[PDB]
(Lines of atoms letter the chains of each structure in order from A and count residues from 1; the text may use other names and numbers.)
(Lines give C-alpha, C1' and ligand atoms only; values in the text may rest on other atoms or scores of the structure.)
Protein backbone atom coordinates (compact mmCIF):
# COMPACT_ATOMS: atom_id res chain seq x y z
CA UNK A 1 0.00 0.00 0.00
CA UNK A 2 1.19 3.51 -0.93
CA UNK A 3 2.13 6.36 1.42
CA UNK A 4 -1.25 8.01 0.49
CA UNK A 5 -3.06 4.72 1.44
CA UNK A 6 -1.20 4.69 4.81
CA UNK A 7 -2.13 8.29 5.89
CA UNK A 8 -5.61 7.09 7.07
CA UNK A 9 -4.28 4.11 9.06
CA UNK A 10 -3.94 3.65 12.83
CA UNK A 11 -1.27 1.12 13.95
CA UNK A 12 -1.15 -1.34 16.85
CA UNK A 13 2.51 -2.20 17.33
CA UNK A 14 3.24 -5.57 19.00
CA UNK A 15 6.12 -7.89 19.81
CA UNK A 16 5.27 -11.21 18.14
CA UNK A 17 6.89 -13.09 21.07
CA UNK A 18 4.86 -11.10 23.66
CA UNK A 19 1.34 -10.52 22.21
CA UNK A 20 -0.48 -13.91 21.92
CA UNK A 21 0.42 -17.59 22.24
CA UNK A 22 -1.08 -20.25 19.94
CA UNK A 23 -2.67 -21.91 23.02
CA UNK A 24 -4.40 -18.57 23.91
CA UNK A 25 -3.15 -18.73 27.57
CA UNK A 26 -3.62 -15.55 29.66
CA UNK A 27 -1.50 -17.07 32.51
CA UNK A 28 1.62 -18.49 30.75
CA UNK A 29 4.73 -17.12 32.58
CA UNK A 30 6.60 -14.27 30.91
CA UNK A 31 9.25 -12.89 33.27
CA UNK A 32 10.63 -9.91 31.32
CA UNK A 33 13.90 -9.99 33.33
CA UNK A 34 14.67 -13.55 31.94
CA UNK A 35 14.82 -12.03 28.39
CA UNK A 36 13.68 -15.39 26.93
CA UNK A 37 11.13 -16.45 24.32
CA UNK A 38 7.71 -16.44 26.07
CA UNK A 39 6.01 -18.17 23.08
CA UNK A 40 3.98 -15.59 21.18
CA UNK A 41 3.17 -16.58 17.57
CA UNK A 42 1.66 -15.32 14.27
CA UNK A 43 -1.27 -17.71 14.87
CA UNK A 44 -1.71 -16.14 18.34
CA UNK A 45 -2.11 -12.73 16.67
CA UNK A 46 -4.77 -14.00 14.21
CA UNK A 47 -6.81 -15.41 17.15
CA UNK A 48 -6.82 -11.94 18.90
CA UNK A 49 -7.57 -9.71 15.86
CA UNK A 50 -11.08 -8.93 17.31
CA UNK A 51 -9.31 -7.47 20.39
CA UNK A 52 -7.10 -5.21 18.24
CA UNK A 53 -9.82 -4.18 15.75
CA UNK A 54 -12.19 -3.47 18.72
CA UNK A 55 -9.96 -0.49 19.56
CA UNK A 56 -10.44 0.82 15.97
CA UNK A 57 -6.92 0.09 14.70
CA UNK A 58 -6.65 -0.50 10.94
CA UNK A 59 -3.14 -2.01 10.86
CA UNK A 60 -0.58 -3.90 12.98
CA UNK A 61 3.22 -3.50 13.08
CA UNK A 62 4.94 -6.80 14.05
CA UNK A 63 8.58 -7.25 15.02
CA UNK A 64 11.03 -8.75 12.55
CA UNK A 65 10.38 -12.16 10.96
CA UNK A 66 13.90 -13.37 9.92
CA UNK A 67 15.74 -16.27 11.53
CA UNK A 68 17.92 -15.13 14.46
CA UNK A 69 21.00 -16.19 16.39
CA UNK A 70 20.11 -19.42 18.25
CA UNK A 71 21.80 -18.79 21.61
CA UNK A 72 20.44 -17.67 24.92
CA UNK A 73 23.05 -14.92 25.17
CA UNK A 74 24.04 -13.23 28.45
CA UNK A 75 21.26 -10.74 27.38
CA UNK A 76 18.77 -13.54 26.64
CA UNK A 77 17.16 -14.83 23.47
CA UNK A 78 16.56 -13.03 20.15
CA UNK A 79 12.83 -12.92 21.12
CA UNK A 80 12.58 -9.35 19.77
CA UNK A 81 13.75 -10.20 16.21
CA UNK A 82 16.62 -7.63 15.95
CA UNK A 83 19.52 -10.19 15.94
CA UNK A 84 19.08 -11.79 12.51
CA UNK A 85 21.42 -14.39 10.91
CA UNK A 86 19.52 -16.00 7.98
CA UNK A 87 17.31 -13.51 6.14
CA UNK A 88 15.91 -16.26 3.81
CA UNK A 89 14.50 -18.27 6.74
CA UNK A 90 11.78 -17.29 9.20
CA UNK A 91 12.05 -17.36 12.98
CA UNK A 92 10.49 -20.78 13.64
CA UNK A 93 9.53 -19.60 17.19
CA UNK A 94 6.65 -17.61 15.62
CA UNK A 95 5.42 -20.32 13.21
CA UNK A 96 5.80 -21.24 9.53
CA UNK A 97 5.72 -19.29 6.23
CA UNK A 98 2.06 -20.49 5.91
CA UNK A 99 1.30 -18.95 9.38
CA UNK A 100 2.81 -15.58 8.33
CA UNK A 101 0.79 -15.73 5.05
CA UNK A 102 -2.35 -16.64 7.11
CA UNK A 103 -1.79 -13.54 9.35
CA UNK A 104 -1.48 -11.26 6.26
CA UNK A 105 -4.62 -12.88 4.81
CA UNK A 106 -6.58 -12.61 8.13
CA UNK A 107 -5.76 -8.85 8.29
CA UNK A 108 -6.77 -8.33 4.63
CA UNK A 109 -10.14 -10.18 5.18
CA UNK A 110 -10.86 -7.53 7.88
CA UNK A 111 -9.71 -4.58 5.64
CA UNK A 112 -6.56 -4.17 7.78
CA UNK A 113 -2.85 -3.74 6.84
CA UNK A 114 0.23 -5.73 7.80
CA UNK A 115 3.38 -3.73 8.54
CA UNK A 116 6.60 -5.74 9.13
CA UNK A 117 9.71 -4.51 10.98
CA UNK A 118 12.96 -4.96 9.01
CA UNK A 119 16.65 -4.35 9.72
CA UNK A 120 19.17 -3.65 6.94
CA UNK A 121 21.95 -2.24 9.16
CA UNK A 122 23.09 -5.38 11.00
CA UNK A 123 23.06 -9.05 11.83
CA UNK A 124 23.42 -10.37 15.41
CA UNK A 125 26.04 -12.68 16.92
CA UNK A 126 26.56 -14.15 20.38
CA UNK A 127 29.99 -12.94 21.32
CA UNK A 128 32.61 -10.26 20.82
CA UNK A 129 33.42 -8.75 17.38
CA UNK A 130 36.72 -10.74 17.01
CA UNK A 131 34.94 -14.14 17.65
CA UNK A 132 32.42 -13.67 14.72
CA UNK A 133 32.19 -16.62 12.28
CA UNK A 134 30.84 -14.63 9.28
CA UNK A 135 29.91 -17.96 7.60
CA UNK A 136 26.71 -18.19 9.82
CA UNK A 137 25.21 -15.12 8.05
CA UNK A 138 22.99 -15.93 5.01
CA UNK A 139 23.46 -14.68 2.39
CA UNK A 140 26.26 -12.38 3.74
CA UNK A 141 28.52 -15.34 4.58
CA UNK A 142 31.84 -13.44 4.52
CA UNK A 143 33.62 -10.64 6.43
CA UNK A 144 33.86 -8.93 2.96
CA UNK A 145 30.18 -7.87 3.31
CA UNK A 146 30.78 -6.06 6.64
CA UNK A 147 32.36 -2.83 7.90
CA UNK A 148 35.54 -3.39 9.89
CA UNK A 149 34.90 -4.05 13.59
CA UNK A 150 34.63 -0.90 15.78
CA UNK A 151 31.98 0.52 18.12
CA UNK A 152 30.09 3.81 17.87
CA UNK A 153 31.61 6.14 20.50
CA UNK A 154 31.38 9.64 18.82
CA UNK A 155 27.62 10.01 18.04
CA UNK A 156 28.42 13.53 16.53
CA UNK A 157 30.56 11.79 13.85
CA UNK A 158 27.83 10.67 11.40
CA UNK A 159 30.46 8.61 9.49
CA UNK A 160 31.16 6.61 12.70
CA UNK A 161 27.36 6.30 13.40
CA UNK A 162 27.01 4.67 9.94
CA UNK A 163 30.29 2.68 9.61
CA UNK A 164 30.85 1.31 13.18
CA UNK A 165 28.87 -1.47 14.91
CA UNK A 166 25.98 -1.28 17.33
CA UNK A 167 25.85 -3.67 20.32
CA UNK A 168 28.82 -4.47 22.55
CA UNK A 169 31.43 -7.14 23.42
CA UNK A 170 28.70 -9.49 24.78
CA UNK A 171 26.23 -9.42 21.85
CA UNK A 172 27.66 -7.87 18.67
CA UNK A 173 25.61 -6.52 15.75
CA UNK A 174 27.91 -7.00 12.75
CA UNK A 175 27.49 -3.89 10.56
CA UNK A 176 26.77 -4.56 6.85
CA UNK A 177 28.81 -2.41 4.46
CA UNK A 178 25.74 -0.81 2.87
CA UNK A 179 28.01 1.27 0.55
CA UNK A 180 28.83 -1.95 -1.43
CA UNK A 181 26.78 -2.55 -4.59
CA UNK A 182 26.53 -6.36 -3.78
CA UNK A 183 24.96 -5.53 -0.35
CA UNK A 184 22.57 -2.92 -1.83
CA UNK A 185 21.51 -5.36 -4.59
CA UNK A 186 21.00 -8.32 -2.13
CA UNK A 187 18.94 -6.13 0.29
CA UNK A 188 16.84 -4.62 -2.56
CA UNK A 189 16.09 -8.09 -4.03
CA UNK A 190 15.30 -9.43 -0.51
CA UNK A 191 12.93 -6.64 0.55
CA UNK A 192 10.92 -6.74 -2.70
CA UNK A 193 10.61 -10.57 -2.46
CA UNK A 194 9.65 -10.43 1.28
CA UNK A 195 6.89 -7.93 0.55
CA UNK A 196 5.69 -10.05 -2.42
CA UNK A 197 5.79 -13.46 -0.65
CA UNK A 198 3.87 -12.33 2.48
CA UNK A 199 1.56 -9.65 0.88
CA UNK A 200 3.01 -7.03 3.28
CA UNK A 201 1.32 -3.58 3.11
CA UNK A 202 4.09 -1.47 4.66
CA UNK A 203 7.43 -1.65 6.46
CA UNK A 204 8.90 -0.19 9.63
CA UNK A 205 12.60 0.11 8.87
CA UNK A 206 14.80 -0.19 11.99
CA UNK A 207 18.09 1.54 12.56
CA UNK A 208 17.83 4.08 9.63
CA UNK A 209 20.35 6.66 10.94
CA UNK A 210 23.03 3.89 11.06
CA UNK A 211 22.95 3.39 7.25
CA UNK A 212 24.14 6.13 4.86
CA UNK A 213 21.29 8.06 3.25
CA UNK A 214 22.02 6.98 -0.38
CA UNK A 215 21.05 3.37 0.52
CA UNK A 216 17.45 4.26 1.37
CA UNK A 217 15.78 5.50 -1.85
CA UNK A 218 16.61 2.21 -3.65
CA UNK A 219 15.38 0.17 -0.63
CA UNK A 220 12.07 2.13 -0.36
CA UNK A 221 11.57 1.71 -4.15
CA UNK A 222 12.42 -2.05 -4.07
CA UNK A 223 9.96 -2.56 -1.18
CA UNK A 224 7.13 -1.11 -3.36
CA UNK A 225 5.20 -0.05 -0.23
CA UNK A 226 5.14 2.74 2.33
CA UNK A 227 8.23 2.65 4.54
CA UNK A 228 8.46 4.38 7.93
CA UNK A 229 12.01 4.75 9.33
CA UNK A 230 13.28 4.64 12.90
CA UNK A 231 15.55 7.67 13.15
CA UNK A 232 16.29 7.75 16.90
CA UNK A 233 16.89 11.46 17.42
CA UNK A 234 14.66 14.19 18.93
CA UNK A 235 16.12 16.99 16.78
CA UNK A 236 13.84 17.60 13.76
CA UNK A 237 16.87 19.16 11.92
CA UNK A 238 18.58 15.70 12.16
CA UNK A 239 15.52 13.41 11.85
CA UNK A 240 13.18 15.12 9.33
CA UNK A 241 15.75 15.22 6.44
CA UNK A 242 15.48 11.40 6.38
CA UNK A 243 12.00 11.93 4.85
CA UNK A 244 13.93 13.09 1.72
CA UNK A 245 15.09 9.41 1.31
CA UNK A 246 12.18 7.43 2.84
CA UNK A 247 8.35 7.95 2.82
CA UNK A 248 8.04 8.52 6.58
CA UNK A 249 9.94 8.51 9.86
CA UNK A 250 8.78 7.77 13.42
CA UNK A 251 8.05 11.11 15.13
CA UNK A 252 10.88 11.04 17.72
CA UNK A 253 10.91 14.92 17.56
CA UNK A 254 7.32 15.00 18.97
CA UNK A 255 7.96 12.03 21.31
CA UNK A 256 10.12 13.86 23.88
CA UNK A 257 7.94 16.97 24.42
CA UNK A 258 4.72 14.90 24.13
CA UNK A 259 5.96 12.63 26.93
CA UNK A 260 7.11 15.60 29.02
CA UNK A 261 3.83 17.52 28.54
CA UNK A 262 1.58 14.71 29.87
CA UNK A 263 3.79 12.61 32.22
CA UNK A 264 3.47 15.28 34.98
CA UNK A 265 0.95 17.94 36.13
CA UNK A 266 3.98 20.36 35.71
CA UNK A 267 4.79 19.34 32.07
CA UNK A 268 5.52 21.96 29.36
CA UNK A 269 2.58 22.52 26.99
CA UNK A 270 4.78 25.24 25.37
CA UNK A 271 7.48 22.73 24.28
CA UNK A 272 4.83 20.45 22.71
CA UNK A 273 3.01 23.37 20.97
CA UNK A 274 6.36 24.65 19.66
CA UNK A 275 7.49 21.20 18.37
CA UNK A 276 4.15 20.60 16.60
CA UNK A 277 4.73 23.88 14.72
CA UNK A 278 8.44 23.13 14.03
CA UNK A 279 7.60 19.66 12.57
CA UNK A 280 4.61 21.10 10.61
CA UNK A 281 6.85 23.78 8.97
CA UNK A 282 10.28 22.02 8.69
CA UNK A 283 9.54 18.27 8.10
CA UNK A 284 8.89 17.32 4.46
CA UNK A 285 5.42 15.98 5.30
CA UNK A 286 4.15 15.77 8.94
CA UNK A 287 1.12 13.70 7.66
CA UNK A 288 3.44 10.70 6.78
CA UNK A 289 5.16 10.59 10.22
CA UNK A 290 4.20 8.08 12.95
CA UNK A 291 3.05 9.57 16.31
CA UNK A 292 3.77 7.61 19.52
CA UNK A 293 4.56 8.02 23.23
CA UNK A 294 5.34 4.33 24.02
CA UNK A 295 7.56 1.61 22.49
CA UNK A 296 9.93 -1.25 23.41
CA UNK A 297 12.97 1.14 23.46
CA UNK A 298 11.85 3.62 26.17
CA UNK A 299 10.10 3.40 29.57
CA UNK A 300 6.31 3.06 29.17
CA UNK A 301 4.17 6.15 29.82
CA UNK A 302 2.69 4.65 33.03
CA UNK A 303 6.28 4.03 34.36
CA UNK A 304 6.45 7.87 34.73
CA UNK A 305 2.87 8.34 36.08
CA UNK A 306 -0.01 5.98 36.93
CA UNK A 307 -2.48 8.88 36.54
CA UNK A 308 -5.17 7.50 34.17
CA UNK A 309 -6.38 10.99 33.06
CA UNK A 310 -2.83 11.78 31.93
CA UNK A 311 -2.67 8.44 30.05
CA UNK A 312 -6.04 9.20 28.35
CA UNK A 313 -4.81 12.67 27.21
CA UNK A 314 -1.56 11.35 25.71
CA UNK A 315 -3.41 8.49 23.93
CA UNK A 316 -5.92 11.03 22.48
CA UNK A 317 -3.00 13.17 21.24
CA UNK A 318 -1.39 10.18 19.49
CA UNK A 319 -4.67 9.35 17.67
CA UNK A 320 -5.53 12.96 16.70
CA UNK A 321 -2.10 14.38 15.69
CA UNK A 322 -0.94 14.67 12.07
CA UNK A 323 0.25 11.37 10.64
CA UNK A 324 -0.23 7.75 11.61
CA UNK A 325 -1.11 6.93 15.23
CA UNK A 326 0.98 4.14 16.76
CA UNK A 327 0.01 2.52 20.08
CA UNK A 328 2.31 -0.13 21.61
CA UNK A 329 0.64 -3.40 22.82
CA UNK A 330 0.13 -3.00 26.61
CA UNK A 331 -0.38 0.79 26.51
CA UNK A 332 -4.15 0.18 26.40
CA UNK A 333 -3.85 -1.93 29.59
CA UNK A 334 -1.84 0.82 31.35
CA UNK A 335 1.40 -1.25 31.42
CA UNK A 336 4.11 0.50 33.48
CA UNK A 337 7.38 -1.27 32.65
CA UNK A 338 10.57 0.74 32.50
CA UNK A 339 13.51 0.38 30.15
CA UNK A 340 14.27 -2.82 28.22
CA UNK A 341 13.57 -5.51 29.16
CA UNK A 342 10.80 -4.30 31.52
CA UNK A 343 8.84 -2.72 28.63
CA UNK A 344 8.46 -6.08 26.73
CA UNK A 345 5.60 -7.32 28.93
CA UNK A 346 3.34 -10.06 27.54
CA UNK A 347 -0.05 -8.62 26.44
CA UNK A 348 -1.79 -11.92 27.30
CA UNK A 349 -1.11 -11.53 31.06
CA UNK A 350 -3.67 -8.62 31.09
CA UNK A 351 -6.41 -11.08 30.07
CA UNK A 352 -7.10 -8.76 27.05
CA UNK A 353 -10.02 -6.91 28.77
CA UNK A 354 -12.11 -4.79 26.31
CA UNK A 355 -13.59 -2.81 29.23
CA UNK A 356 -10.37 -1.23 30.57
CA UNK A 357 -10.24 2.56 30.77
CA UNK A 358 -7.63 2.97 28.03
CA UNK A 359 -9.17 0.32 25.72
CA UNK A 360 -12.37 2.41 25.83
CA UNK A 361 -10.57 5.76 25.40
CA UNK A 362 -8.54 4.50 22.40
CA UNK A 363 -11.68 2.94 20.87
CA UNK A 364 -13.51 6.31 21.21
CA UNK A 365 -10.65 8.32 19.71
CA UNK A 366 -10.03 5.85 16.84
CA UNK A 367 -13.82 5.79 16.25
CA UNK A 368 -14.07 9.56 15.63
CA UNK A 369 -10.85 9.64 13.58
CA UNK A 370 -12.00 6.69 11.38
CA UNK A 371 -15.49 8.27 11.06
CA UNK A 372 -14.17 11.79 10.27
CA UNK A 373 -11.77 10.34 7.62
CA UNK A 374 -14.63 8.36 6.02
CA UNK A 375 -16.56 11.67 5.58
CA UNK A 376 -13.65 14.13 4.96
CA UNK A 377 -11.00 13.14 2.31
CA UNK A 378 -9.09 16.34 3.44
CA UNK A 379 -8.75 15.30 7.11
CA UNK A 380 -5.40 13.44 6.68
CA UNK A 381 -3.80 16.31 4.62
CA UNK A 382 -5.08 19.24 6.82
CA UNK A 383 -2.00 20.04 8.98
CA UNK A 384 -2.89 19.88 12.67
CA UNK A 385 -3.18 23.40 14.13
CA UNK A 386 -2.50 24.12 17.79
CA UNK A 387 -5.00 26.95 18.53
CA UNK A 388 -4.57 27.43 22.33
CA UNK A 389 -2.19 26.70 25.18
CA UNK A 390 -1.85 27.60 28.88
CA UNK A 391 0.09 26.09 31.79
CA UNK A 392 -2.14 22.93 31.86
CA UNK A 393 -3.90 22.89 28.42
CA UNK A 394 -3.28 22.47 24.68
CA UNK A 395 -6.07 22.67 22.06
CA UNK A 396 -5.68 21.70 18.42
CA UNK A 397 -7.84 21.66 15.28
CA UNK A 398 -7.69 19.26 12.33
CA UNK A 399 -9.95 18.70 9.36
CA UNK A 400 -11.91 20.43 6.63
CA UNK A 401 -13.86 23.58 7.64
CA UNK A 402 -17.28 22.50 8.92
CA UNK A 403 -16.06 18.97 9.80
CA UNK A 404 -13.01 19.75 11.93
CA UNK A 405 -12.16 17.79 15.09
CA UNK A 406 -11.21 20.24 17.88
CA UNK A 407 -9.34 18.51 20.70
CA UNK A 408 -8.67 20.05 24.15
CA UNK A 409 -6.05 18.17 26.23
CA UNK A 410 -5.00 18.76 29.84
CA UNK A 411 -2.18 17.79 32.19
CA UNK A 412 -4.26 18.60 35.32
CA UNK A 413 -4.59 14.85 35.98
CA UNK A 414 -7.33 12.92 37.70
CA UNK A 415 -7.73 15.44 40.62
CA UNK A 416 -8.16 18.36 38.16
CA UNK A 417 -10.76 20.94 39.16
CA UNK A 418 -14.04 21.59 37.27
CA UNK A 419 -14.16 24.82 35.22
CA UNK A 420 -15.25 26.21 31.80
CA UNK A 421 -12.50 27.01 29.25
CA UNK A 422 -13.67 29.72 26.78
CA UNK A 423 -11.95 28.51 23.59
CA UNK A 424 -11.37 30.91 20.66
CA UNK A 425 -10.20 29.87 17.17
CA UNK A 426 -12.08 26.51 16.81
CA UNK A 427 -13.69 27.79 13.56
CA UNK A 428 -17.24 26.57 14.21
CA UNK A 429 -20.19 29.01 13.71
CA UNK A 430 -22.27 30.49 16.60
CA UNK A 431 -25.13 28.17 17.78
CA UNK A 432 -23.43 25.09 16.26
CA UNK A 433 -23.97 21.98 18.42
CA UNK A 434 -20.79 19.93 19.01
CA UNK A 435 -20.54 16.48 20.51
CA UNK A 436 -17.65 15.76 22.93
CA UNK A 437 -17.20 12.22 21.58
CA UNK A 438 -15.12 10.79 24.51
CA UNK A 439 -17.84 11.42 27.19
CA UNK A 440 -20.77 11.92 24.71
CA UNK A 441 -21.90 15.33 26.11
CA UNK A 442 -22.89 18.29 23.89
CA UNK A 443 -21.50 21.84 23.89
CA UNK A 444 -22.92 24.78 21.92
CA UNK A 445 -20.70 27.46 20.23
CA UNK A 446 -21.55 30.91 21.82
CA UNK A 447 -22.83 34.07 19.96
CA UNK A 448 -19.14 35.35 19.99
CA UNK A 449 -17.93 32.10 18.21
CA UNK A 450 -16.13 30.95 21.43
CA UNK A 451 -16.68 27.33 22.62
CA UNK A 452 -17.52 26.97 26.35
CA UNK A 453 -15.51 23.76 26.96
CA UNK A 454 -16.45 22.06 30.29
CA UNK A 455 -13.24 20.84 31.90
CA UNK A 456 -13.27 18.27 34.69
CA UNK A 457 -11.34 15.29 35.98
CA UNK A 458 -8.32 16.30 33.83
CA UNK A 459 -10.24 14.57 30.99
CA UNK A 460 -9.49 15.05 27.28
CA UNK A 461 -12.26 16.64 25.21
CA UNK A 462 -12.72 15.78 21.49
CA UNK A 463 -15.31 17.97 19.70
CA UNK A 464 -17.04 17.27 16.35
CA UNK A 465 -20.25 18.77 14.94
CA UNK A 466 -23.39 16.93 16.16
CA UNK A 467 -25.05 17.44 12.70
CA UNK A 468 -22.10 15.57 11.01
CA UNK A 469 -22.61 12.46 13.31
CA UNK A 470 -25.94 11.57 11.52
CA UNK A 471 -25.95 7.78 10.91
CA UNK A 472 -22.68 7.11 12.85
CA UNK A 473 -22.57 4.63 15.81
CA UNK A 474 -20.77 7.34 17.91
CA UNK A 475 -22.46 8.46 21.19
CA UNK A 476 -25.46 6.47 19.78
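Numbering follows the first chain given and starts at 1.
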| message | Quick check: 109 to 117 versus 286 to 294, which has the larger average CA B-factor in the record? | response | 109 to 117
| task | Name the higher of the two by mean Cα B-factor in the PDB entry, 42 to 50 versus 424 to 432. | result | 424 to 432
| query | When you compare the CA B-factors of 233, 144, 345, 340 as listed in the entry, which one comes out on top? | reply | 144
| note | In this crystal structure's PDB entry, the residue among 393, 260, 303, 159 with the greatest CA B factor is 159
| message | Ranking the modelled residues of this chain by C-alpha B-factor as given in the entry, is residue 58 in the lowest, middle or highest third? | response | lowest
| Going by what the PDB entry lists, where does residue 81 fall on CA B-factor within its chain: lowest, middle or highest third? | lowest
| request: Place residue 331 in the lowest, middle or highest third of its chain's C-alpha B-factors, as listed in the PDB entry. | output: lowest
| query | Is the Cα B-factor recorded for residue 409 in the lowest, middle or highest third of its chain? | reply | lowest
| query | By its CA B factor, does residue 206 count among the lowest, middle or highest third of the modelled residues in the chain? | reply | lowest
